Novice: 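First the structure, then my questions, so here it is.
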Amino acid sequence: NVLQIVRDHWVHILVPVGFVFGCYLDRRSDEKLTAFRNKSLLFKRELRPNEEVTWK
Amino acid sequence: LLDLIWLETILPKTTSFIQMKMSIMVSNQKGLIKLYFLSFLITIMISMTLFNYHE
Amino acid sequence: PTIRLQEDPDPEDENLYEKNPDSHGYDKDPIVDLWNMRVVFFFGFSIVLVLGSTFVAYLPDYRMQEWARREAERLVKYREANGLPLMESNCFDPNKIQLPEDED
Amino acid sequence: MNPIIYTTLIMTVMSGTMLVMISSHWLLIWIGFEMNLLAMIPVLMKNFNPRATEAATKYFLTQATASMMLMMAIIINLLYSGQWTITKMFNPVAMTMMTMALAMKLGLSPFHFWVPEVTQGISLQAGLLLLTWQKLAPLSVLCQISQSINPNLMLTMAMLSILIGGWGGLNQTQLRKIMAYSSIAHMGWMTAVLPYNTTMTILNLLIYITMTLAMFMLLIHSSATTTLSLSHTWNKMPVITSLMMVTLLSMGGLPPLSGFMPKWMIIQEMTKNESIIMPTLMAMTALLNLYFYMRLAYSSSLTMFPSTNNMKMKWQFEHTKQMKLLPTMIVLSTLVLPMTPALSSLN
Amino acid sequence: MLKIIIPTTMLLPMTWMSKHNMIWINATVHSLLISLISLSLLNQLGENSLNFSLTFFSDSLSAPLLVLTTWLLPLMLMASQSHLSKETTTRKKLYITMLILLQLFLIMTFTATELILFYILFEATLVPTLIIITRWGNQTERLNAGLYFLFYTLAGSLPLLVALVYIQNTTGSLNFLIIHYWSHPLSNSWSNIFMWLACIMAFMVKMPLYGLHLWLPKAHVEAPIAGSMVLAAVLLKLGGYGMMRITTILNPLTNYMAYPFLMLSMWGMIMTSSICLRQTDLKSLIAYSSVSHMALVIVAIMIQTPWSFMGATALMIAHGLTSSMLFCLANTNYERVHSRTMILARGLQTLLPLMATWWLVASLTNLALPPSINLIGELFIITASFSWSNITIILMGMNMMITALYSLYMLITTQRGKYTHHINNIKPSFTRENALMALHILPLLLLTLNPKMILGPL
Amino acid sequence: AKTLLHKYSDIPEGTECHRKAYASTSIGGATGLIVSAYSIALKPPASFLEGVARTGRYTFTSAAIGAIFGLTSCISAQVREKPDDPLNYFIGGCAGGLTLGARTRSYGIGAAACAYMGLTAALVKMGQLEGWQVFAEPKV
Amino acid sequence: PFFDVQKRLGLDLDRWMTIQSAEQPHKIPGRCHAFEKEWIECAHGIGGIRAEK
Amino acid sequence: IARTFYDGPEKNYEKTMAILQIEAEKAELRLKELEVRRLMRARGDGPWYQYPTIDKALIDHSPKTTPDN
Amino acid sequence: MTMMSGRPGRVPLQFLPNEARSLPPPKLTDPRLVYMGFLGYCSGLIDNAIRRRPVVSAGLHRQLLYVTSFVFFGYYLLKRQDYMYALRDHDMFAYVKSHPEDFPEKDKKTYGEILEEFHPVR
Ligand SMILES: CCCCCCCCCCCCCCCCCC(=O)OC[C@H](COP(=O)([O-])OCC(O)COP(=O)([O-])OC[C@@H](COC(=O)CCCCCCCCCCCCCCCCC)OC(=O)CCCCCCCCCCCCCCCCC)OC(=O)CCCCCCCCCCCCCCCCC
Ligand SMILES: CCCCCCCCCCCCCCCCCC(=O)OC[C@H](COP(=O)([O-])OCC(O)COP(=O)([O-])OC[C@@H](COC(=O)CCCCCCCCCCCCCCCCC)OC(=O)CCCCCCCCCCCCCCCCC)OC(=O)CCCCCCCCCCCCCCCCC
Ligand SMILES: CCCCCCCCCCCCCCCCC[C@@H](O)O[C@H](CO[C@H](O)CCCCCCCCCCCCCCC)COP(=O)(O)OCC[N+](C)(C)C
Ligand SMILES: CCCCCCCCCCCCCCCCC[C@@H](O)O[C@H](CO[C@H](O)CCCCCCCCCCCCCCC)COP(=O)(O)OCC[N+](C)(C)C
Ligand SMILES: CCCCCCCC/C=C\CCCCCCCC(=O)O[C@H](COC(=O)CCCCCCC/C=C/CCCCCCCC)COP(=O)(O)OCCN
């Protein structure tokens, strides 16, 4: 019977899906501005024995 | 005196009046080729003297 | 015809309370009306208002007010201990500034 | 008219324009103009009536005078330099005559009077052709001889065209005359930036052509030539009036619509040179075109005008002929601003 | 900050794919969720801004404005569904589409990093507002109002555009961070004076400045209720935000270019407050109130001090909420009696007590009763003006006396006295209207509880 | 032509007011003659003598406006000893506007012409001072 | 504006008649053949702006 | 709240540094392009603003029935 | 003025010189290509609306062809635009390199040696 319920209330995932996609695109945008990661004079730091990058 | 009359009078009403008068002046032609071909002759002579003689 | 045009008469306004004495003023459909009331009240007061106020009230100190207060406390302690003036009229060291050679 | 003969005449018009566009010899350019005019005259007279005959006669007189001045300028240039190649136009008097002849062909002010009359006297299809395809050849020649232009004369004519287009369009209830005055103003905008950057001229021409095609096709779809007949369209097909309203807003130059892109670009180009006062004047003047576009939008889409009883019968029938390029034309007329940098491909 | 932009763009097809009798519910629910998401932008730093990408950034000045926009959308939806009941489904969806597009344009306007992108979005906000006014307004004057709304704006903004591109040819950038870091003084020449005027007049006509304000009573009276809400609450603040952004490149010319505008603002604040005392239309009174408060904001921006900037930010937020609430309160009576004349329906406290309480609270916030954020902004601006010149306390003082008068006048005319005998169609207040009033007023006092969130970057 | 413009502009601001007034009068007369030519072409006057009357009216109006502007601007510059000041041009423009208003016998025309012509003349003076170009030569 | 169809296809639709120093019938020379030839050879390939000086 | 919804200040700091570098480089490039355009249009010695001249390949280098051309 | 018409070596009607093959092609997920596909989808929806057909469901093959054609043209348009901008940058850098007298790198001064006027705000 979920067919009618789905075809009546499938418009309720558009905005949450848009929120998730916007978060993903913001992370992708952050990925393109790492030219000074761990390179500023104020925050330059030696890496821990395990961690690869200071922030993502 | 101010908000309903003079502030209306200076900026928007004057602009509307001027644009309407210029529209009436520009658009009201009889459609006779004689008149604006004479206008073309005047334009050609003026463009030959004012802009062309000075190079 | 002594008329100017064929037009519908202006209709009277409908009272939502006539067909629904407890009508909430959202819709003429009583069920849609009730659920509109419910969603407005739940997502406006219960979610955004109270939870948003709580979230804003406990926002972490990214404005660095407490950090600045602690730094000022350390500075005042040090300067009062060594007898230096609490603040200097110059915020930049003059040895790093080169004035113009001639003022005449 | 026979469909075969009509196709042949349209092909001859296009062939004359193409000959103008591909020629290196001034004589061949003049021949292209002659052939274009000869084939264009009967196309304006396709639906025979006194108004069409009057429009064709006025058009012929204007274009023949322009072509005579064109040939005289060519011959003067040859006299002072034995050159036939379209180039920097070694003589200034010949260059002035050439500029005046091309402006008369384009309908720039003050050689603007014939455009509203010819547009009003012909059918909507002929008006579409006249206001879109007929601008290509003179603008191509002007782009080729731009380095020798006298900026004072062309800028004067462009500013006059913008002013006169706005003022004349303010007074019109006939849709064809509104389109003609809009065309005059847009030609003024196109020629204002020509001495500085021909790529901007091409971009403005392309956007104007797209918007004009969408406008004329929407006007043909709803058989309206007056404001009052267009005010009935909402009671037959509201989608057409809504698309028309958005297209009018774009033609008015409002952001974020596509019609804002050329003016913006042109203004920027003019500030790369010094040229500060003229762009400000041009924008403030284009506000007039926006005003009468908005009045048309008020009449046709934003309010509902009274209708007639017989309109009920029109509800029972559908449009037979369908324009295949109308949706793409509307989309390109409205939603193209985000792709502005693609103008680099024009140069 | 695509996590806010994309959900609104998703509101668009969600509205256009909804069932005919679920459009309001879905739009309201997801608008409220988007407001809740946008609440996270209030976490700001003390040194610089949140630089999300090359295109968008958030400051301590724009974040409360974004929160106000996203919160105003559901209130507009709630206020609109009463008078649009007879409308067809497609036209209702088109109206909601206009509201959503306006929100999207405002959200992108408040966060654009470049001045030309800001200009493009700040002009793009014009189209949905004009369509709403001229298509869903009630009287024949709306058409004229639309024209007054359009050209008054464009005649200010077309010069600005020119100036903007000119600046980009001189400094090489319109990025706001680059503009701030590479700032250079403006010399005293005629060219610089006209550049200053081109950079200032568009925002001046947006506020609006006294003398350039005639479009506002027309547009805000002839518009439907949601149009008036968004015009008073958010669209007037575009001018103030743009002025506070653009003034970073105008020093030290402002030091003397502000005098005519300061004189106009102070005297016209007195004048519009006086006009409010003799007004027969209830909506026009609220519009002229907006003009007076915006004159205060203009003075604060023009004197260019940290206290004045904080006061301007607080006053813009407080005025947005208060004026939107007042417009909704007037709309309830208009929907009951179909007339905007203030003296037509009187003694409404006897018939509608809770609505009378809402009226009292709204008029109390209008006259800036302490410790409301209205009063905080007004007092900060007055203190900064006193530092600028001790004589200003005269004019400001007079304003404080007049405002309360007309404010209470409005209340006393509508709620007190005896009811009109022949008006027998005043039905009890609906739950929707009471909820609308509460959702307006509670955030005001909650913001009073924590005022540093609306005090700006200074 | 530009010969009249050069004849007017070669004389310094606050010197030889009679010559500057004469040059301004010539410029105004030329403008009025062009205006009358276009008016007669587009609006025929139905009689040769009527055409002469219209030409004389337009030309005299324009020449009077130019003469008043030039004389008043030069005299103001010389009395104030302040050349390169747009106020002199504003005063001359308002004087020309009032002359136009008296010529047409209309108070509203006089006031509007005073304001607009004064503002335009002051703007022109600012342009001469700062080097503003109306017809910018192509640079890039 | 100018679509150089002749250059792209190598057709020579009208270039044969552009200048007087180009392959006349029976090798009949123009009155100013040498002067035009010298000017053309001077100005070839450097552009109009440089050639004008 | 900090652990769940936000990052540390270093991320925003260094992203700001990268954004500022990109924007400053773009501004310098715009100014340089304007200067290059001005010089190229003034002198005509660069790839830009090259206006056509007559092709020298059109000349007939044959005897011309007269020794002096 | 025409900047690039007479650039030496330019083939008249090529639309894509061989040199452009040395540039990285646009990705198939380029946001500009996505916007071109969005324009095609809008064209299909408007086509449905004008023809009085159900806007979203009427012709799926027609809408697919609309989107495909817009994307197909947009790919080559983007390639040509990127090539033109690369050409502009190449020419600018070569010209700056070949005329060092017109582009001097002057000595750098720190802010501790530059005298800037202070304008108080009061
Ligand atoms: C955002 C905040 C607000 C901003 C905007 C709001 C405020 C501004 C807008 C409101 C005011 C602007 C209105 C401007 C004038 C309007 C006239 C008009 O519309 O004409 C159409 C209208 C249509 O008439 P019509 O169809 O042509 O013929 C029928 C006539 O009505 C039948 O006429 P009639 O036979 O009955 O008699 C007419 C006759 C005589 O009229 C009469 O019969 C009665 C007497 C009235 C004349 C009063 C003059 C003597 C008293 C003045 C005392 C000093 C002034 C106060 C300042 C004190 C300084 C400490 O008048 C004349 O002959 C004119 C001769 C010129 C003398 C007066 C002009 C002086 C100009 C002021 C100079 C100020 C310089 C700056 C000072 C700085 C220090 C503060 O004309 C009139 O009816 C009115 C005629 C008299 C108006 C002139 C009065 C001037 C008022 C002061 C102007 C200040 C503002 C402009 C300054 C900026 C310009 C660069
Ligand atoms: C900026 C960010 C991005 C924004 C992009 C730009 C905006 C959106 C794109 C624009 C183009 C798209 C739509 C074009 C075709 C629409 C034409 C139409 O008539 O629509 C009717 C049509 C309903 O017709 P129906 O279903 O067959 O049955 C109803 C009858 O036909 C009943 O029909 P009727 O004809 O009998 O009803 C008469 C009605 C018919 O008149 C109209 O419907 C007006 C439509 C005009 C089309 C717009 C003009 C051209 C585009 C330029 C837009 C400029 C935008 C820039 C800002 C400036 C604003 C102007 O006329 C009136 O009632 C007069 C009202 C007067 C108001 C005048 C205002 C009109 C201009 C407003 C335009 C605003 C933008 C579009 C609004 C949405 C329209 C659906 O609407 C739709 O349902 C289609 C829209 C929704 C489909 C898309 C959904 C995608 C799939 C869902 C999942 C999403 C995937 C997400 C991925 C993640 C996976 C989970
Ligand atoms: C209805 C409300 C609309 C909005 C209000 C907008 C307000 C705009 C007002 C502009 C404020 C000042 C503008 C320019 C600053 C000074 C103006 C001038 O009066 O001051 C003197 C200028 O001297 C003289 O006054 C010359 C100017 C006179 C001509 C201007 C015309 C003003 C007349 C009034 C016309 C109304 C304008 C508004 C139309 C609506 C100062 O002497 P000076 O040191 O040498 O000039 C400084 C500039 N320098 C250094 C480059 C030389
Ligand atoms: C309003 C929207 C505008 C859209 C306009 C119509 C779009 C569809 C038309 C499709 C164009 C077909 C051309 C593809 C076939 C190859 C032809 C090629 O050989 O021509 C080249 C020319 O390439 C074309 O110019 C490129 C056409 C692309 C135009 C699009 C730019 C529009 C501006 C940005 C707005 C966004 C557009 C979005 C597209 C849907 C040769 O260059 P060249 O012979 O040496 O130039 C001669 C003229 N010169 C020398 C004076 C310059
Ligand atoms: C509804 C009412 C709204 C009214 C708003 C309109 C008023 C806006 C102010 C006027 C805009 C003019 C500025 C244009 C852009 C300025 C950019 C600039 O800086 O250019 C200057 C040049 O400045 C100018 O040329 C501008 C001169 C003015 C020409 C246009 C006049 C418009 C009307 C002027 C009076 C009105 C202004 C105030 C009106 C207030 C609102 C009523 C520098 O150029 P350069 O040549 O390189 O200088 C150094 C080398 N010589």
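Hydrogens, waters and symmetry mates play no part in the numbers below; they use all other heavy atoms, side chains included. Per chain, numbering begins at 1; letters A, B, ... match sequence-line order.
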Novice: Checking E:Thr392 side chain against E:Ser385 main chain: does a donor-acceptor pair fall under 3.5 Å?
Specialist: yes
Novice: Do E:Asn374 and E:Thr322 have side-chain atoms, one donor and one acceptor, less than 3.5 Å apart?
Specialist: yes
Novice: Does a donor on one side chain and an acceptor on the other come within less than 3.5 Å for E:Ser290 and E:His220?
Specialist: no
Novice: Counting only heavy atoms not in B:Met20, do more than 12 fall under 6.0 Å of its CE?
Specialist: no
Novice: With E:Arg245, which residues qualify under salt bridge (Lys or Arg N to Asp or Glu O under 4.0 Å), at least two apart?
Specialist: E:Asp59
Novice: What distance separates E:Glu123 CD from E:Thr153 OG1, expressed to the nearest 0.5 Å?
Specialist: 7.5 Å
Novice: Could you tell me which non-hydrogen atom of E:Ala233 sits nearest to which non-hydrogen atom of E:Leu68, and how far apart they are?
Specialist: O-CD2, 3.6 Å
Novice: Determine, stepwise, if the pair E:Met302 / E:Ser265 fulfils side chain to side chain contact (heavy atoms under 4.5 Å, CB included).
Specialist: CA-CA 10 Å; E:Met302 281 282 102; E:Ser265 301; over 6 Å; no
Novice: Assess whether atom OH of C:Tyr17 is packed by more than 12 heavy atoms of other residues, nucleotides or ligands within 6.0 Å.
Specialist: yes
Novice: Hey, does the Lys NZ or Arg CZ of E:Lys218 hover above the aromatic six-ring of E:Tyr152, less than 6.0 Å from the centre and inside 45° of the axis?
Specialist: no
Novice: Taking atom CD1 of E:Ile343 as the centre, does the number of heavy atoms from other residues, nucleotides or ligands within less than 6.0 Å exceed 12?
Specialist: no
Novice: How far apart are the closest heavy atoms of E:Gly227 and E:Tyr95, and which atoms are they?
Specialist: N-OH, 4.4 Å
Novice: Does E:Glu335 come within less than 4.0 Å of E:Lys427, counting only side-chain N to carboxylate O?
Specialist: no
Novice: Return yes if a side-chain donor-acceptor contact under 3.5 Å exists between C:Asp13 and E:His338, otherwise no.
Specialist: yes
Novice: Which heavy-atom pair separates E:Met316 from E:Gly240 by the least distance, and what is that distance?
Specialist: SD-CA, 4.3 Å
Novice: Rounded at 0.5 Å granularity, tell me how far NZ in E:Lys86 sits from CD in C:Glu14.
Specialist: 6.5 Å
Novice: Could you tell me whether a side-chain N or O of E:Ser407 sits under 3.5 Å from a main-chain N or O of E:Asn366, the two making a donor and an acceptor?
Specialist: no
Novice: List in chain and number order the residues that pass side chain to side chain contact (heavy atoms under 4.5 Å, CB included) with D:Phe305, two or more places apart in sequence or in another chain; answer none if no residue qualifies.
Specialist: D:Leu228, D:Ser231, D:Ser299, D:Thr303
Novice: So if I apply the side-chain contact (heavy atoms from CB on, under 4.5 Å) rule between E:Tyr334 and each of E:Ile225, E:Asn138, E:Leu282, which one comes out positive?
Specialist: E:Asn138
Novice: Taking E:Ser372 for the side chain and E:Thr365 for the main chain, is one N or O donor matched with an acceptor at less than 3.5 Å?
Specialist: no
Novice: When the ring planes of C:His24 and C:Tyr26 are compared, do they come out parallel, tilted or perpendicular, using 30° and 60° as the limits?
Specialist: tilted
Novice: Would you call the rings of E:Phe203 and E:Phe122 parallel, tilted or perpendicular, taking 30° and 60° as the class edges?
Specialist: perpendicular
Novice: Do you know the tightest heavy-atom contact between E:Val205 and E:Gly156?
Specialist: CG1-CA, 4.5 Å
Novice: Assess whether atom OH of D:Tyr291 is packed by more than 12 heavy atoms of other residues, nucleotides or ligands within 6.0 Å.
Specialist: no
Novice: Classify the ring geometry between E:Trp215 and E:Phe149 as parallel (under 30°), tilted (30 to 60°) or perpendicular (over 60°).
Specialist: tilted
Novice: Kindly give the heavy-atom pair with the smallest separation between E:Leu436 and E:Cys328, and that separation in Å.
Specialist: CD2-SG, 3.7 Å
Novice: Do the side chain of B:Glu8 and the main chain of B:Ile5 share a donor and acceptor less than 3.5 angstrom apart?
Specialist: no
Novice: Ignoring hydrogens and angles, state whether a donor on the side chain of E:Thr247 or E:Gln304 is under 3.5 Å from an acceptor on the partner side chain.
Specialist: yes
Novice: Hey, does E:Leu101 have a side-chain heavy atom less than 4.5 Å from the side chain of E:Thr97?
Specialist: yes
Novice: Can a donor-acceptor pair be found between the side chains of E:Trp136 and E:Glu87 at a distance below 3.5 Å?
Specialist: yes
Novice: Do the rings of E:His293 and E:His319 sit parallel, tilted or perpendicular, given the 30° and 60° boundaries?
Specialist: tilted
Novice: Quick check against the 3.5 Å criterion: does E:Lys206 have a side-chain atom that pairs as donor or acceptor with the backbone of E:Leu236?
Specialist: no
Novice: To check you understand the geometry: which heavy-atom pair defines the closest contact between E:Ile96 and E:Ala27, and what is its length?
Specialist: CG2-CB, 4.5 Å
Novice: Could you tell me whether a side-chain N or O of B:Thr15 sits under 3.5 Å from a main-chain N or O of B:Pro12, the two making a donor and an acceptor?
Specialist: no
